[PDB]
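Residue-level listing of the chains:
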Protein chains: 2
Amino acid sequence: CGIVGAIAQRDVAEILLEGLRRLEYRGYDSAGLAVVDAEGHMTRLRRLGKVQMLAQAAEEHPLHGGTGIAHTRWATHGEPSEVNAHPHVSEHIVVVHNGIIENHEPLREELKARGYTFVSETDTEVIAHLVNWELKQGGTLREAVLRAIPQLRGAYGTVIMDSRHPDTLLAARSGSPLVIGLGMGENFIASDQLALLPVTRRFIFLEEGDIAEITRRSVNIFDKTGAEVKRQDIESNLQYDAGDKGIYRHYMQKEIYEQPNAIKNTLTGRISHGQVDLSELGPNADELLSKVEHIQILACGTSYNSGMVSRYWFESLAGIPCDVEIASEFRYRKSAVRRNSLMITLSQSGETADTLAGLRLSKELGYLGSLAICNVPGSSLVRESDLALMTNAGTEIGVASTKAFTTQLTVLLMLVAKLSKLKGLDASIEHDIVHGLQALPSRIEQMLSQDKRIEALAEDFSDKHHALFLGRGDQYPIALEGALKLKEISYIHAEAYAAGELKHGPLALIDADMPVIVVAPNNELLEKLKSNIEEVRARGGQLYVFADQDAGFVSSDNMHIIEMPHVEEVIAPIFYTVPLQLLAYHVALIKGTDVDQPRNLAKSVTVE
Amino acid sequence: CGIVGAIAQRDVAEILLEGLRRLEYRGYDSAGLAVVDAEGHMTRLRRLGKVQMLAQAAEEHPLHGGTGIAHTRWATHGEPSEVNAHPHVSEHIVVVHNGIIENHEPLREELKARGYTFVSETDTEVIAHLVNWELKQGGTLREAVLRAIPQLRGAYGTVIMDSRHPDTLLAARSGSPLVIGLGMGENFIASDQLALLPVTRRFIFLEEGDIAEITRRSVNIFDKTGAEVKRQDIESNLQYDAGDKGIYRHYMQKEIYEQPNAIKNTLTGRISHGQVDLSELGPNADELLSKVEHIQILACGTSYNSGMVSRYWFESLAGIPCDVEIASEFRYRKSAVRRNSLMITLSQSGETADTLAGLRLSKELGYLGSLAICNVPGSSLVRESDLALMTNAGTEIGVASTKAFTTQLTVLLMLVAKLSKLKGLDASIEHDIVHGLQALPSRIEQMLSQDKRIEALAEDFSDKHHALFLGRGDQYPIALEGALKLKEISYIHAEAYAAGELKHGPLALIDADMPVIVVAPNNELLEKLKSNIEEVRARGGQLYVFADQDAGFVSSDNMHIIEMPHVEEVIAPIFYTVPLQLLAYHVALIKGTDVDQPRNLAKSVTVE
Ligand SMILES: O=C(CO)[C@@H](O)[C@H](O)[C@H](O)COP(=O)(O)O
Ligand SMILES: O=C(CO)[C@@H](O)[C@H](O)[C@H](O)COP(=O)(O)O
């Protein structure tokens, strides 16, 4: 979800709306804002649907005033409803929050029994009634919030307002991000600096436990207790472009086309003279990485798929045992820890709840250390890991990851090179990987010029409701990732298989209507994969084969061959992802689906 | 595929047909037979389709004579065609074969260049033209076959006939099973004794390299060279019932209902006084199993799914690191071998080509040892493993495994108990597992009495083309197995997910038409799973929850709760499989699909 707050001299409603538009990719099931004018007349508006529903409403009933808070949300529990939309109130108290109040249930009973009525089942109302109760003796809002916060347990961020005293906002960071934007004679707050770029580039990042008292002219941050702490303001490092689509129709589209440049940025400072350079990790990292006998990778969704590709690399190239597991399963099992095991999390956001819970469990279980591969500076996974290797792909706004996945593989391959060197293996392994990486942005630039043939193919998917994706070896998780892209944004029921598994049952699914998408680099598995493709064609499947130009496939009625330029084997999985990203994009366009904000979802699963 | 041969005084055509009916589950894309009368007039008949197509043809054109061979086949390459149906000929030579002639291609060119014409691309014709060439100087058929066999490389079984001399059949076992049935004044051969039960129970199992010269009155087996070897005939140990359906409409149905009795048979001799007893493994097995620090399980399809369940058991109960991998991916990767690693294959048939290739690779890679868990005495995996633990489930004929899967889990759980004892862990782990196992046939008998409610539910799937299955923890591979059953035999596009993965993309698939099947034991993951189910319901999914009676689910419009009796947690995955087997069965009935012989498949993938 996304939180924006604002305390200014000028009206803030437009600012709060522009803030929600920018955080929309985090939840687009509902949104609301509440604005108090200097006279304390508070106007609250809440709508079901995308932020535009709220903006439209606001245009009919405009909201005057300098103080306000706003929210946009991914509704998990129950069908989304306007009754549950934020902000929530308790008379004069008004509240928005992100994250979770773990002890929702006892606090609720206790407030009920003190005489409160609950209009919703949200945690937000719990926080509202509680602060109302804390104020009932008559102190300052800050005083009540200091009393209130210790009674709340869980991982959450909240902004709180007393409409009787529109001069001050209170915010409390306790598990979920909050950041204050510093203006001139006005201040703002948000769950992500991205929402505040249009009015300020100067930010104070609250640390866990911080409570902030914010007026037009002052920012006072206090610790756990009531003691003031010092927090440095800094200049934004995000791009000025941020959540602008530029010439692109979709964020996803932009992010697919940005991949050559994002990859270059992932590589900056990290390749030198035919070798990989990960000295940014510092003068104790080699000692650690040198002791690694086993790698455990933990991730969700597309970040799990890149870990699955790298497993083939780590075992075959660095000779290191590597397991990859989805984090929602790992975090609850009673696992057997390998000797000398490195925990690697992959996460674009660095905030995914299950991945984060895996990392926290791993400390307790005695792994050797942990390495974060992350796209977000200063996210939870980065600060709680022993080591971090940032992807440098830039902000990613498309709910479906494209550039995050391919820059993750780039970094994995670097770490494969580094480990192969620390183990004293053939120097050629590192050389060949570095040759790969060095060609990679140009190879991707070159694959993107196949976009028009893929766009033409996508029209065939117009009447389709199913698809199968097939790959073998290190291309098998590339099939997984293409099937996930396709089903997530076009809603075709796409399913991936390692090609060797069909004759054990799934081949029953093939009839004359089933399209089957395959990635076919010209490598030692080509003949084995060709056999699989023939098994599919023999039962009437419609084949779409992205194959190397010299693979020798013969095009026909049910065999559509999209010829691919040559590529270094070591980077072949990254290259073959690109056509599947384009195909998913184009099919979604044909289907008329919301490519950037697919239904039932939002980006980054930060609450379990 | 399935091979039958016969050399008798009486007509053999009916016998050869009855033989193919019994081997049909091995391939039902085409079949053929060739029969020579005492005058050497040879009649060959071949039909596309199930064996009944051939039998019907035979009823129109009956085939007299005492000598013949027959085949039924799973067509892999190309659309099945009558031109490719076996037997194949080269004038007077007639041949059927199973397996693969790896050097098909050079032998073919060489025969072409000697003047042969090829009517098909089958390996069978290669063998036929080659034996024709070997006879062209004029020796005995046996002589030519001894010259021919060394020129063939690969894993295959073949029976060969010269219609000019109907007095003798030649067969050669070189990688694929052959067995001779001994009659009285007549002999038979088949690729599996199951085909010969109706005329004999006395068998000679050929060993690899064996060449057999078979007449009405004699069986001479020769080794690699021309030297005679001794092979003992034995009495069949299969059940008299074998490939009879009895009162059951389908083999699959029978095999589902047999599970309590099959499980009892898996347990016989192996539980004693609250402890597991695996002393059948012998007086060097404990030494081995005692050194195990890591377990690698290799299997395909449903046998991979049982390995995935046991991974949760091995790590959480015996504290042993366990990886599970599909064998088609394992056999071609350059893997990193763990120290002290036990290779475990799971296979009903004991002959699955990829699983077998994994086991063979593991010898070469230096694992500690290998353990086969198999349903077939004397199959390849059993004889090439260091240790074997048979499931004792009895012959399984349904192309889709039911009893094989559940008896595999039973044996896995026993081995978990044994390892937990060898490691000196809490004695209660073994006790609780043995309490589980001891209740298990009755718990299964009790689940089978829920069949009528499941049959009623299945009618809802009549208009459905998709389904999702959800599970967490050790029930997650139970969802995988239920989705595989459903898609294999009903052709609904069923897909399994660990419940925690939906919000990372797959939840986009949920609309008002999607049925979602969930297994919900009353265990520590119930509340976490309930959250997932609510996420699905909130977007309009149709929930089918097989839940413990005390799980507290509330039934409604899109929430169908099938209440399950209580069960011991340790056996909960085995118990919750049963309702998904029944549901798949009943949905297939509603859809009017061939439950026992699903399209595009056959049972056991014995050629890659
Ligand atoms: O982007 C997608 C789908 O295309 C998601 O599957 C994620 O990859 C995921 O939810 C993990 O998120 P991060 O941990 O990478 O932030
Ligand atoms: O029965 C099924 C499908 O329900 C197959 O997926 C197999 O389990 C498989 O082909 C492995 O065969 P076996 O190795 O167990 O003989």
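Basis of the calculations
- Residues numbered from 1 in each chain as written, not as in the entry; some residues may be left out.
- Chains lettered and ligands numbered in written order.
- Heavy atoms only, no water.
- Residues with missing side-chain atoms left out of burial classes, pairs and counts.
- UniProt positions renumbered as here; feature names shortened; annotations may be inferred.
- Buried < 20%, exposed > 50% of the residue type's maximum accessible area, 1.4 Å probe, protein only.
- Helix = DSSP H or I, 4+ residues; strand = E, 2+ residues; numbered from the N terminus.
- Pairing = 2+ DSSP bridges.
- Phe/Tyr/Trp six-rings, centres within 6.5 Å; stacked < 30°, edge-to-face > 60°.
- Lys NZ or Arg CZ within 6 Å of the ring centre and 35° of its normal.
- Contact = heavy atoms within 4.5 Å.
- Buried area = accessible area lost by both parts, 1.4 Å probe.
- Salt bridge = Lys/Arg side-chain N within 4 Å of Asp/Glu carboxyl O.
- Polar contact = N/O pair within 3.5 Å; in protein donor to acceptor, adjacent residues only side chain to side chain.
- Nonpolar A, V, L, I, M, F, W, Y, C, P; charged D, E, K, R; others polar.
- Axes fitted to C-alpha atoms, helices over the stretch in contact; angles between N-to-C directions.
- Left-handed = near helix turned anticlockwise from the far one by under 90°.
- Near = heavy atom within 4 Å.
- Areas by Shrake-Rupley, 256 points an atom, 1.4 Å probe, with all protein chains shown as cover.

Method information in the entry identifies X-ray crystallography as the source of the structure, with 2.05 Å recorded as the resolution.

Per the PDB entry, chain A is named GLUCOSAMINE--FRUCTOSE-6-PHOSPHATE AMINOTRANSFERASE [ISOMER IZING], and its organism is Escherichia coli. What the UniProt record of chain A gives under Catalytic activity is the line "D-fructose 6-phosphate + L-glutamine = D-glucosamine 6-phosphate + L-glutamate". Its UniProt record gives chain A a comment under Subcellular location, which states: "Cytoplasm".

### Some words on the pairing of strand β12 (residues 211-214) of chain A
Residues and elements named next belong to chain A. What you see with β12 is no split at all: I211 and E213 on one side and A212 and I214 on the other are buried throughout. Judged from the 4 bridges that link them, strand β8 (residues 169-174) and β12 form a sheet pairing that is antiparallel. By the bridge assignment, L170 is partnered in β12 with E213. Across 4 bridges, β12 lies against strand β13 (residues 219-222) in antiparallel orientation.

### Focus: the packing of aromatic side chains
All names here are of chain B. According to the stated counting rule, one finds 8 aromatic pairs over all chains in the structure shown. Measuring from ring centre to ring centre gives 6.3 Å for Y248 and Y257, while their planes differ by 35°; the resulting arrangement is tilted. Its end group placed over the ring of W133, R114 keeps NZ or CZ at 3.6 Å from the ring centre. Positioned above the aromatic ring of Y491 is the side chain of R599, whose terminal nitrogen or guanidinium carbon lies 4.0 Å from the ring centre.

### Points about the interface of chain B and chain A
Often, the extent of an interface is quoted as the loss of accessible area on bringing the components together. At the junction of the two partners, chain B supplies 70 residues and chain A supplies 70 residues. Buried area between chain B and chain A, both sides added, is near 6000 Å², and the carbon and sulfur share of it is 53%. Between the two partners, chain B and chain A, sit 14 salt bridges. For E608(A), the salt bridge is made with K528(B), and the minimal N-O distance between the two is 3.6 Å. There are 33 residue pairs in polar contact connecting chain B and chain A. The set of elements that each furnish at least two residues to the side of chain B that touches chain A consists of α9 (301-317), β18 (322-326), α10 (327-330), β22 (466-471), α16 (476-490), β23 (493-498) and α17 (526-538) of chain B. Among the residues forming the side of chain B that touches chain A, the class breakdown is 30 nonpolar, 16 polar and 24 charged.

### Describing the packing of helix α7 (residues 259-267) of chain A against helix α13 (residues 403-422) of chain A
Residues and elements named next belong to chain A. Put simply, α7 and α13 touch, their axes get as near as 10 Å, and they point 30° apart. Where α7 crosses over α13, the handedness of that crossing is right-handed. Facing α7, whose interface residues are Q259, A262, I263, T266 and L267, α13 presents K403, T406, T407, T410, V411 and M414. For the contact of α7 with α13, the residue count by class is 5 nonpolar, 5 polar and 1 charged.

### So, the site of ligand 2
If you check the shell around ligand 2, you find 14 residues, and the closest are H504(A), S349(B), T352(B), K485(B) and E488(B). Lying at an intersection of chains, ligand 2 is approached by residues of chains A and B. Contacts to ligand 2 include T352(B), whose side-chain N or O atom sits 2.5 Å from an oxygen atom. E488(B) is positioned such that a nitrogen or oxygen atom in its side chain is 2.7 Å from an oxygen atom of ligand 2. Protein burial of ligand 2: of its 410 Å² of free accessible surface, 96% is covered by the chains. Counting residues per element, the ones that place at least two in the shell around ligand 2 are α9 and α16 of chain B. Looking at the shell around ligand 2, the element that brings in the most residues is α9(B), giving 3 residues.

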